[PDB]
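Form deposited in one PDB entry, single chain, as structure tokens, below.
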């Protein structure tokens, strides 16, 4: 799985994921399913931000904490939207709302509820993807067009099929905890 991750994800993504794990005392060479999941969520966030017009989204995920909050507080001051309690993943300039992106090995409805319970921001939009083509978003408002979402869902399916061909999928799919 460590070899899978290093060959299927961009080195910038891999470096950010290693750093995120090491900041919590986790070793990417040992907790390899977590390593893979962090990389996958990063790639989905970056794909999502590419899915609209140029300048539609600001990326918050993948930044160090100081810069991430600088972006969030700057947007709140400039647009007046409510400041979130936790860092979200994107800001949507067209809809004027923060977005929390989730990628789940379980089922999108469970994960959506967990994310809504945790962030409890009311104003933050939640958009969930699975590895088997399901998605679930706040108010069935999926933000992007069907073509962009299909490209994300196809990428996740491709990751799943690649892990399975290496007998990695069974362990990864059962590694997500509530």
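Take the two forms, find the largest set of C-alpha atoms that superpose within 1.5 Å, and that set is the rigid core. Positions refer to the first chain, counted from 1.
Student: Looking at the entry, does 148 to 156 or 60 to 68 show the higher mean C-alpha B-factor?
Tutor: Taking the mean B-factor of the alpha carbons in each, 148 to 156 is higher.
Student: Compare the mean C-alpha B-factor of 40 to 48 with that of 113 to 121 as given in the PDB entry, and name the stretch with the higher value.
Tutor: Higher mean C-alpha B-factor: 113 to 121.
Student: Of the choices 127, 34, 29, 54, which one's C-alpha carries the largest B-factor in the record?
Tutor: Top of the list by C-alpha B-factor: 54.
Student: Hey, what third does residue 80 fall into on Cα B-factor, ranked over its chain?
Tutor: CA B-factor rank for residue 80: highest third.
Student: What third of its chain's C-alpha B-factors does residue 163 belong to: lowest, middle or highest?
Tutor: Middle third of the chain for residue 163's C-alpha B-factor.
Student: Taking the chain's C-alpha temperature factors as the reference, tell me which third residue 89 falls into: lowest, middle or highest.
Tutor: As the PDB entry reports it, the C-alpha B-factor of residue 89 lands in the lowest third of its chain.
The form deposited in another entry exists for this protein as well; it is not shown, and the discussion that follows is about that form.
Student: Determine whether the C-alpha of residue 23 shifts by 2 Å or more between this form and the one not shown once the rigid core is superposed.
Tutor: It does shift by 2 Å or more.
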